[PDB]
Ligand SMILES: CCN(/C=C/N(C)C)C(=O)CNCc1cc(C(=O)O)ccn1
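Just the one chain here, laid out as structure tokens, in the form deposited without this ligand.
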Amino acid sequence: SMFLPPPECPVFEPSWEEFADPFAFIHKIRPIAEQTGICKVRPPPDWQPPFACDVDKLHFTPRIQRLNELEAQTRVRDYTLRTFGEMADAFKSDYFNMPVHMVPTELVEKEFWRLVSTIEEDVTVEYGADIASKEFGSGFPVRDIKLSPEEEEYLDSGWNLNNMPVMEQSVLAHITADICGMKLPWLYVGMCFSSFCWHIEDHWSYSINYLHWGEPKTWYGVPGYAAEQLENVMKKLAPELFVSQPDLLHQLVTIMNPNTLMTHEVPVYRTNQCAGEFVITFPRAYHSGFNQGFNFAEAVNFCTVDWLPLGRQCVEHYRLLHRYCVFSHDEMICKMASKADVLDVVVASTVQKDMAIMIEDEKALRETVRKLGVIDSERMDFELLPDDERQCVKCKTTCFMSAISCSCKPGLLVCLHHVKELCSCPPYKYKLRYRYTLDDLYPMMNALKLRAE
């Protein structure tokens, strides 16, 4: 009746021993947590990073949000942290005519789903979302200011979210392409009912979220295996979200009742994340939620060796949908192979397996365009080109291994799947532009094999 809360997602309480290495722990819980999409992690009781900030000197620009189910919103005036906190507390307090910490969490959840479904409520809220900067920085300790002995303790923690991208069990790391939205932590200031719509991470990566302080955050999550099942339910009830988006900054997303999904046999899980807890989302796991009140959270994307195959399948899927990429997956693979001597040995072994698939697909593709009559060729350093200067005119994929050009249409490229879409000239006028010959590639893969012994 009205709202039936989904079943709870798994909650983990690792010992200090298990907690020490984040990457080993995530790998251990993976068979459980990948069945539910999200999961929650309670750190050992004495792991408590200091949070310190001046509420008057931190300022940020707020986003405004309307709260209607199935209405399109796009992914990605001034407040100090204090003035925002005052606005947010007054708002919740007046909405319920109660002291903000006496409003039960079950009630806010029930009320959230009522107000987004009711056509005649026009409730709007405000929130903060931004990567770290000079005006507003990480809530975790970072180097700069003289630090206290306890701040120093957490500087090199694996669960300090600043460190997590640049550790060596992670495969974004040795990458230099500066895909900034994905190596840097985002900061989120919440108030009651402020919401994050249904979505998955760029390139189907993991994410990890830490709530520093304040009232809880409520999550809904769907396992990766049910991603297409959820998208079919979404297309049927709100097709406007699926019209082709011009850019990467034009992704359309929405609020949708998890009960609607469960009615159509999509598995949904929930949790309340409290201050000092982590939530982790797994590859291709849809998630959404809202805040119970005034709070402060920090989040980061990351990629493990487990993810490498999915990362390839994802870029393939982007091509079918003509979606833009954040980075080139093959460029990342080749960059790791060129640094094979300093890679973790398990990393090296997993990269090698992906590289073997890459090379075999590339061989087949070059044979196919040769038989279409493209004969001329020249080496080309794709990584020097700005990304928007090396997308396939048809499918918008970011080229790195190879592309086709023509003197007729200067500066345009197509990937090798779309040779017929460049122009109307005969194929002998075309040129195959390539980063590596097959003979360059096999020694790069052999270096990985040696490093992996």
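For every residue, the number given is its place in the sequence shown, counted from 1.
The same protein has a further form, the form solved in complex with this ligand, not shown here; the description that follows concerns it.
Participant: Quick check on this chain: with this ligand placed from its pose in the deposited bound form by superposing the site C-alphas, is the site open or blocked (blocked meaning at least 3 ligand atoms within 2.4 Å of backbone or C-beta)?
Facilitator: Open: no clash with the backbone or C-beta atoms.
Participant: Look at the stretches 232-240, 191-199, 109-117, 148-156 and give the one with heavy atoms within 4.5 Å of this ligand in the deposited bound form.
Facilitator: Stretch 191-199 is the one.
Participant: At 4.5 angstroms, heavy atoms only, are 127, 219 and 299 all close to this ligand in the deposited bound form?
Facilitator: Yes: 127, 219 and 299 each sit within 4.5 Å of this ligand in the deposited bound form.
Participant: From the list 209, 170, 328, 352, which entry has a heavy atom within 4.5 Å of this ligand in the deposited bound form?
Facilitator: If I apply the 4.5 Å criterion carefully, the residue I get is 209.
Participant: Can you work out which of 79, 213, 186, 95 has a heavy atom no more than 4.5 Å from this ligand in the deposited bound form?
Facilitator: Filtering the options by heavy-atom distance leaves 186.
Participant: Is residue 339 one of the residues lying within 4.5 Å of this ligand in the deposited bound form, judged by heavy atom distances?
Facilitator: Looking in the deposited bound form, residue contacts with this ligand do not include residue 339, since no heavy atom lies within 4.5 Å.
Participant: Contact between residue 317 and this ligand in the deposited bound form at 4.5 Å, heavy atoms?
Facilitator: Residue 317: no contact with this ligand in the deposited bound form.
Participant: Just to confirm, residue 75 within 4.5 Å of this ligand in the deposited bound form by heavy atoms?
Facilitator: Judged by the heavy-atom cut-off of 4.5 Å, residue 75 is in contact with this ligand in the deposited bound form.
Participant: Using a 4.5 Å cut-off on any heavy atom, which residues of 78-93 would contact this ligand in the deposited bound form?
Facilitator: Counting only heavy atoms within 4.5 Å of this ligand in the deposited bound form, no residue of 78-93 makes contact.
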